[PDB]
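Enquirer: Sharing a structure here in structure tokens format.
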Amino acid sequence: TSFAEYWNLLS
Amino acid sequence: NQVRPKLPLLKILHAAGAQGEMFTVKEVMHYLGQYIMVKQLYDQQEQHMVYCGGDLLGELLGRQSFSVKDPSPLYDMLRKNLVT
């Protein structure tokens with residue numbers, strides 16, 4: 001999992 | 001609804017390409033992620049870890065690092081840096 005993908009968890 | 005970032009937060013968002021003085025929280029989050037990518041603050045091996053201690057972002061968070069899997073330090077910084 002890439003940083004950009006992890007950041008998509010934030011909502 | 002839209003919020004107004006305080007100066008040092010606004011400087012971070014603009015560094016990541018944001019324009020203007022008001023944003024949805026969704027766009028504040030977008031530009032903070034953009035900033036971390038642009039500035040290459042995440043750990044290359046463990047990419048949920050953001051190492052912000054050498055950066056204005058770390059000064060603003062009051063911390064040298066945080067994990068994307070536990071964002072409470074972002075919520076704190078945001079509560080202190082958004083004029084609603």
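Residue numbering restarts at 1 for every chain of the structure tokens, chains are lettered A, B, ... in their displayed order, and ligands are numbered from 1 as they appear.
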Using only C-alpha atoms, which protein or nucleic acid residues come within 12 Å of residue B:77? Drop anything in the same chain fewer than 4 positions from it, and give the result as an MDAnalysis selection string.

Expert: chainID B and resid 5:6 8:9 28:29 32 57:63 71:73 81:83

Enquirer: Tell me as a list in words which residues belonging to chain B come within 9 Å of chain A, counting only C-alpha atoms.

Expert: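 Those within range of chain A come out as residues 26, 29, 30, 33, 34, 36, 37, 42, 43, 44, 46, 47, 48, 49, 50, 68, 69 and 71 of chain B.
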
Enquirer: Based on the backbone DSSP call, show me all residues of chain B assigned strand (DSSP E or B), as a PyMOL selection string.

Expert: chain B and resi 3-5+23+42+49-51+65-67+82-83

Enquirer: Could those selected residues go to a file with C-alpha atoms, as a compact mmCIF listing (two decimals), in the first residue's frame?

Expert:
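Contents of the output file again.txt:
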# COMPACT_ATOMS: atom_id res chain seq x y z
CA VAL B 3 -13.37 26.83 6.46
CA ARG B 4 -10.55 29.40 6.69
CA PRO B 5 -7.11 28.10 7.40
CA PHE B 23 -11.83 25.49 1.40
CA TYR B 42 6.34 9.73 4.02
CA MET B 49 4.34 6.85 8.38
CA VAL B 50 4.84 10.56 7.84
CA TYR B 51 8.15 12.01 9.12
CA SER B 65 5.89 11.86 12.98
CA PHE B 66 2.41 10.53 12.65
CA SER B 67 0.70 7.55 11.08
CA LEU B 82 -9.21 26.50 10.93
CA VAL B 83 -11.22 29.66 11.49

Enquirer: Separation of atom CA of residue B:52 and atom CA of residue B:80, in Å?

Expert: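 Rounded to one decimal, the two atoms are 17.8 Å apart.
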
Enquirer: What is the atom CA of residue B:24 to atom CA of residue B:56 distance in Å?

Expert: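 Computed distance, atom CA of residue B:24 to atom CA of residue B:56, equals 22.0 Å.
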
Enquirer: Which value, in Å to one decimal, gives the distance between atom CA of residue B:54 and atom CA of residue B:18?

Expert: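 Value for the atom CA of residue B:54-atom CA of residue B:18 distance: 22.1 Å.
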